[PDB]
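Starting off, we have a lone chain in the form deposited in one PDB entry, written out as structure tokens.
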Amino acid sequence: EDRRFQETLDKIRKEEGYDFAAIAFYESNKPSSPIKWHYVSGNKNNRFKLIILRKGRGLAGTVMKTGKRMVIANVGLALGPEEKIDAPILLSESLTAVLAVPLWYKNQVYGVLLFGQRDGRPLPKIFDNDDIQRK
């Protein structure tokens, strides 16, 4: 699905030092549309395709709603096992740290770019909106 998104995601994930990256967007242009993880890079499995999110729910839904990045430097401490179910990509990809940033176009949030670490690897660097526009 537009190979440019996939290839760019793969390049950026690796250049930024991440074990995983994902982009979430609305599933369709219908008013009831949920949000889905449309593109992933460094994924262990394809279960991300089973995830259905709503505005305000999970990492992607919360960022879309608030327009604010979410940073979790250590998942095991910050959330523990029970809260992970609210942000199911953390379960399917065993993410131990995450940086989720809004994707803006003309002052609207259209998507969420998620960077994830596994195995306790720390986040290398936290990006701003300005930084992500310098993508």
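Only residues modelled in both forms are compared. Basically, rigid core = biggest C-alpha set you can superpose within 1.5 Å across the two forms. All residue numbers refer to positions in the sequence shown, first residue = 1.
Form deposited in another entry: not shown, discussed below.
Visitor: Given a superposition on the rigid core, I'd like a yes or no on whether residue 20 shifts its C-alpha by 2 Å or more between the shown form and the other one.
Guide: No, its C-alpha moves less than 2 Å.
Visitor: In the other form, do the Cα atoms of residue 25 and residue 130 sit closer or farther apart than here, given a shift of 3 Å or more?
Guide: Their C-alpha distance grows by at least 3 Å in the other form.
Visitor: Assuming the CA distance changes by 3 angstroms or more, are residue 82 and residue 57 closer together or farther apart in the other form compared with the shown structure?
Guide: It is closer: the C-alpha separation of residue 82 and residue 57 falls by at least 3 Å in the other form.
Visitor: Return the sequence-ordered list of stretches, each of 3 or more consecutive shared residues, in which all C-alpha shifts are 2 angstroms or more between the shown form and the other one following rigid core superposition.
Guide: Core-superposed, the runs shifting 2 Å or more come out as 1-3, 80-83, 125-135.
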